[PDB]
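1. Sequence isn't available, so here's the structure alone:
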Ligand SMILES: *[C@@H]1O[C@H](CO)[C@@H](O)[C@H](O)[C@H]1NC(C)=O
Ligand SMILES: *[C@@H]1O[C@H](CO)[C@@H](O)[C@H](O)[C@H]1NC(C)=O
Ligand SMILES: *[C@@H]1O[C@H](CO)[C@@H](O)[C@H](O)[C@H]1NC(C)=O
Ligand SMILES: *[C@@H]1O[C@H](CO)[C@@H](O)[C@H](O)[C@H]1NC(C)=O
Ligand SMILES: *[C@@H]1O[C@H](CO)[C@@H](O)[C@H](O)[C@H]1NC(C)=O
């Protein structure tokens, strides 16, 4: 004799998708620096995590099909252009530029990277023209027919950044709403996809830094005691390969040029901050990585790659195959100044059957950029006073494969980033969102009194 | 003896007003193409919606005092304005134009309808100017004093241009009530717009309603069943318009034989203006075709049921519009993105007293500066489209108005006229009504609470 | 014996809290809907009659200096002001070279050079043509470049002309709390600025509050009964403003004798700029009248109450403002659609030792470009008002700042303030307080549940 | 199974066995804010009906009776001519005026029963 | 007579128990003034549900006055019952037991759970 | 012992029946502002849906409640002892996921008949 | 594009007379007009100039306070009035138009008040004129 | 002050001639507005120089003018029979008045 019994609040969950709200500390809120990511509007986070260690539970995980990375990609883009509306848009900057080379203290390596352009510009009064001069990099000017023009003139109106807001990434936390829960996997050996013997639940994710970079992961979470390689299809070359370093490597980047900002007064209440003359010597920006440390982490990476490609094959590293400057260079920002570093000196080595050199990398600086691979948008970075020196540590790599024409004796790996969605997969690979289903039915020998 | 009892969930409803959300079909929601009426943000509707017959019920209906058409009228205005925001403003085009009549192979009747205009305009660089030429219709240019002309809208208000990516095609739109509210449908085939409906049914929400814009005619609408019916708020009052729904449709073909071309002109950073260049081939006037055999018998059926309200011995006459603004005296519509202004005087010209392949040709005009909403300050410039266009539509409605200063006469005349946009949409929502559920109810029966 | 826990729902327990109160407009203001600046169309209509409920044997603590209602009122009104300027014209192209010369038609010795005749080149409807126009500008809105003049706002921010179809009349508004919250009103009449209130009555929500903006004085405010109330956060501290309330209001008459005609200038397609055309008749300075007998009698009441805190032997003397910007040293208000900044030195000039148609006149000037909220980057150009303007107001309080400082002098100096604009609205929200209702409560008694 | 609102034409007695099906239907950029307001409206409307049912002591029931007498002035028709011939829709209009005054009767009566329950068990 | 909303605020605890229903009705009433006004409706709705589900899990599903099967600790209070109901009011009663409010809510949660499990076993065969 | 939210996910089905109350408390608690508003309303309607469905079955205010409906042997023929000692709620849901919809409908109509049965009994007997 | 003068006659010294000039084929309300008189065997003599709106009037020093000049754009006619004519005042008066056009600066055309024409400081079209003589 | 001009200038066809027309430096060299006119018997005078030194449309290109400080002159190259007639020089004054020159008579051999 079995009868239907209903229970409310049983611990049963099913996979689903939902909108997750922000969570931030009070560090930026108290300072009131008006960051690009609005922490003041963002909900304050919990004082401490409340993770619960669950036992006898195995849950499936899938970072490649995870919906959390889709929301993060959309939210950051939405937050990026939300801060560009207030400050000025450089719609009248499309004029004819008379540029000439600078030859005062120019080194041969930067012989023609930056020019000296002069042009007419508007003022508050709509019947006056002022003749001003500014220094523009070669990557931002093209010969119209000397006469030069900005690359964005035939693309769209080109908006500049707000000087007050800062581009320094800060940690953010994602929290599920009421009735939903987030599960975290604490298995170190857990690769991209598979069951997790140990699963824990949290109300808010750990601090995530929205660092944007290509071919290199900077300021990210590290692995534990080994180097983890994740790929939705290791055999397929079209799918990128993600690497996580157990021990970070330090990189030093600097801009030796000492340029002076010149606030050109245009229009009523609008300002255009141009680049003035550089005092002292002029040299290229460069980044250093220790050869002893970099060669050490390559040895750890190649050992992991042997497991998925045989312990007898030859692993070879090559530079970028080709494309534009955005995808063939290590793009990042450093104290408000954007960089495009040439990383051909790193992936140049071969491994078969197996003293601070400080490898230097030439780098370039661009003023007009397309942040999120879109067309018709700008973010013109104003120049920064003084010399820029930022120190960062690399916490991963993104690699691609090629060839494999039935010759299973040599493997070539080259850097490449399809999009920034894969950049944040290395931080959201251990988190998934599920919805609770309290209602449940079970059989029990019990009745209702009449 | 008797004690009150409360029942939760009784079938009782009361009249109320509420906002209904959007809905789109699966086929229209997977087009993956932008349009004026946003296919997104409209919740999909399940196939084969359930229609529940309600037996032994009589419900009052009224289409004239309906708030659904008012909300639909406001929604479409908001939808139209939302799609014109991302488009580029055409404010630099308010410049002096030196225009000359184009004459290569112009036919006699269309002579003077097209102007070959050349004018200075800006470019991407702010310090340079370029000379360009374009073709403008005579309805879009006015005199100032190789003559000098000027855009008509410059002295009223500047306005943007229609974005080529969006389309004006009237995809079906379902207005669906939220939870706690119900929509009642009148299945009666003799519903004259007012009075109880013996056959009342409830549905999840309405079927596809095409947001078509037209004047003096209703196109691509719903047809009555087996009979032609006359709808009016007050037959005696001549001011009130009359709505007619055809039982059978008549085919109308509207074509523009001119082979216009598109010549893109870059006016600034990221903004371009689409103009008209040289036209290949001969130049001809746009026109529409309606079969005379079907139109004549359609009026014969219409005049018979219309004679019920006037007696069988009443003389009924048809005449063209009384004149006035172009947007109200002409049959205005669109044909694949091109807006037409047709002359319907050739249809409503006949008389009736005590009662094969030939067709009727209606001349039509083309205008680009468009308001369409009887508003000031919000116009739109429709860019030209490449190649010739032909569209085939149905005529499933008619709007007429009565007149006459005689206190008593045996002759009555009717003229077409587009009063308001609500008339075009109230002809589709006359069968629907929104009610609010009241689950609470009290009734007496023998039931004493245990103590 | 063996008393058990019992939970009660709906108990009357409350504590302080913060919430977003909503508006409540009157029935009359909800029907005209003539595009009010405070967007009262969206505001919900209020209750037909007040529903005050008196609470007996209740003691509540109040604090008018830390009440969050004024912060919400201050935050909202700025947003309402900004929202009403978007859909109207922006005067971006008016920043041009101006050639201004003095007017000497029928000037007065007071208005020797207060008005300038400025001419400039302004854009016409066509982008390729510019027409010479002239207008009259006040001296406060023009600054010399080196003759040559330019608008003061040109080098700081370009802003919007005050919209001509909107009105600035301060209609009353009601702030009301949502469900689960209650508003407590202190009916005590001796309540100075803090302390228990013997008579606390809960109300549906606040009464009509007129959003009047003024400095150095309180206009059209609330009146105390049979007493003059002086309220300050800290009387000992001289950096804290002093708020005064009048039991008997004193009337002030303000007018602009000049008669000027508004002239509309077209600055572009669909944009119009309204400028002062010409002044008909003599030119005279604006002024305000306050009766000497009433003002002197009112001042006698103020010193008697003010002498209580500082000692009955202390000598009270008054003086004008200590200097600074025009927005703080003068009395700022509006009369119709024109803004005044008036020199009130003739009022605060007396010395008290403590043992009928004089009509004290306060000549003053008028400004057209105003930064009302003391924020840089958002100004407004108020168009001129046709004809002469006259209005009477009720002076219901003052904002006085004490500047004694030295402890070696017995006499004390009081000067008008007005640095913060929250004081005007704080003088009307001091009676109300916002609390939240907690219906859950547990009490011990004798009750058991059957097993 | 007559579906939602399928008993609107049935008599009061026949419609008393289909209250369950109608209870579910109570709750279920231009279109964004328009739908958000409507969704919130349904939630609060359903709670208002439940709150009134809550203070009557039988919130978790579909059919409920209270120990308060019926007034003959409200309706002189017997039970036969109410539960067998007429319709719920017609019944609402007949006693629409009396609905407001009746709601107060149950509100005070239920609170009276609570006092009796607490005092009865405490003494015994 | 009628006292209105919060009418018995200053009245005694016992007298206020007879007018608890009037406050219960006021728990859920029914661009700058737009979305801002919308949060008022949501906040009121969610607050009512929190106070309802918390009371529901104590076994007091729909009763304005309801007693639980837990003892009253003498440490919390030692006052006569006559003064509590005939002299004291609900305003100052909250202050005395404000610190111990959180713990008592937990005891009611577990007490009701024990009742549910015991009821099923008792009626299974007895 | 206390285990927090979802603490007994992998514990015994009978053991989890004693910790049903902890989950019930966790059902409900410019870019950021609008995003949060959607979640709050979604949580409110989700909670009411379960409460309303539980109310119609006659177990509105009871965490544990059983109706007078027989348990079909087709859905599951496993022993009562085996289910409550060697099974978890996560595995139990998958075994009756297909048949869950059928069970829900039966309890809805059964309660209404029970309500009508008691109404006519107390009228005269 | 054509000007006709009329009103000639014979008057005694100290009398008064008025001459009328008419303009057609072009905008009379945008350009100013002059007045020149000549005698056989004598050179051209300038009399006066008037702006498009008649804001100010310019007269020769030799005939200062002698000839009054006014215009009426509504009637599309020009008026020349002189009082107390002398024996030497006889000449052949001509109605002459001063050519003008918009000023071109910064790429735009700058007109005057009420869409006026800036004078280009040269004369283009001249009237046929009328001969007047004075006898006693 | 009326401008001073020579009584008469004679020149055979095909030669180059110069005509002097001088006044006050402020009137002539100040405002830079100088014009020249040609007249025939029985016909109104016709403008021959559009600007101070630029010819208008519809006139022969043989005409040429120049200014040197206070002095200004007009030069005609390739004299023909049709050049016979009367020539006058007109310029603005300091006070924006119009002054006509004395005039020069041209004789063709
Ligand atoms: C491959 O060789 C390495 C050498 O260290 C060894 O550790 C590993 O077990 C080998 N794997 C297989 C599959 O033979
Ligand atoms: C309809 O027409 C007939 C003529 O056959 C006429 O006798 C009759 O009166 C008409 N109907 C009415 C209502 O007048
Ligand atoms: C014009 O006014 C200014 C100041 O008002 C004065 O300095 C100047 O002398 C005045 N000029 C004339 C011509 O009145
Ligand atoms: C101060 O003088 C006033 C005069 O009316 C008197 O009422 C008050 O009591 C005096 N106070 C003291 C402290 O002497
Ligand atoms: C509650 O009661 C228990 C036993 O009756 C006792 O041990 C405990 O100390 C009491 N609580 C406090 C806070 O005293």
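-> Structure's in. What do you need? Residues are numbered from 1 along each chain as shown, chains lettered A, B, ... in the order given. Ligands and ions are numbered 1, 2, ... in the order given.

2. where does the stretch 351-450 of chain A come near chain E, residue by residue?
-> Residues of the stretch 351-450 of chain A lying close to chain E (CB under 8 Å from any CB of the partner chain) are A:444, A:445, A:446, A:447, A:449. C-beta coordinates here come from the backbone N, C-alpha and C atoms, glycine included.

3. Please report how far the fourth one lies from residue F:96.
-> Distance, residue A:447 to residue F:96, by CB to CB, to the nearest Å: 21 Å.

4. ok, now the first one?
-> Per CB to CB, residue A:444 is found 14 Å from residue F:96.

5. and the two? which has more neighbours close in?
-> The residue with more neighbours, out of residue A:444 and residue F:96, is residue A:444; 21 against 16, by other CB atoms under 10 Å in any protein chain shown.

6. Excluding sequence neighbours, find me the nearest residue to that one.
-> The spatially closest residue to residue A:444, leaving aside those adjacent along the chain, is residue A:5, at 4.1 Å (CB to CB, 6 or more residues apart in numbering or on different chains).

7. Please verify my assumption that that neighbour contacts residue F:68.
-> No. Judged on CB atoms under 8 Å, residue A:5 makes no contact with residue F:68 at a distance of 11.1 Å.

8. Between these two, which is the more surrounded one?
-> Between residue A:5 and residue F:68, counted using other CB under 10 Å, the more crowded position is residue A:5 (21 against 16).

9. hang on, that one is in a strand, isn't it?
-> Yes. Assessed with DSSP: H, G, I helix; E, B strand; the rest coil, residue A:5 lies in a strand.

10. List the contacts of it.
-> Residue A:5 is in contact with A:441, A:442, A:443, A:444, A:446, E:120, F:64, F:65, F:66, F:67, counting by CB atoms under 8 Å, 6 or more residues apart in numbering or on different chains.

11. same check, this time on residue G:41
-> Listed by CB under 8 Å, 6+ apart, residue G:41 has no contact partners.

12. Report the buried residues of stretch G:104-114.
-> Neighbour-count burial for stretch G:104-114 flags G:108, G:109, G:110, G:111, G:112 (criterion: 16 or more other CB atoms under 10 Å in any protein chain shown).

13. should've said stretch A:259-276
-> Quick answer for stretch A:259-276 (16+ other CB under 10 Å): A:259, A:262, A:264, A:266-270, A:272-276.

14. same check, this time on stretch G:77-89
-> G:78, G:79, G:80, G:82, G:85, G:89.

15. Kindly check the end-to-end length of that stretch for me.
-> 23 Å (CA to CA, to the nearest Å).

16. roughly how far out does it sit from the chain middle?
-> 12 Å (CA atoms, centre = their mean, to the nearest Å).

17. That stretch close to chain H?
-> No. Applying CB under 8 Å from any CB, one finds stretch G:77-89 separated from chain H by no less than 15.5 Å.

18. got the contact list for that stretch?
-> G:11, G:13-23, G:33, G:35, G:47, G:66-72, G:93, G:95, G:134, G:136.

19. which ones among those are found in helices?
-> The members of the contacts of stretch G:77-89 all map outside helices under DSSP state H.

20. Find the nearest non-adjacent residue to the residue most central in space within chain D, please.
-> For chain D, the residue nearest the mean C-alpha position is residue D:53 (7.1 Å; CA atoms, centre = their mean). The spatially closest residue to residue D:53, leaving aside those adjacent along the chain, is residue D:59, at 4.9 Å (CB to CB, 6+ apart).
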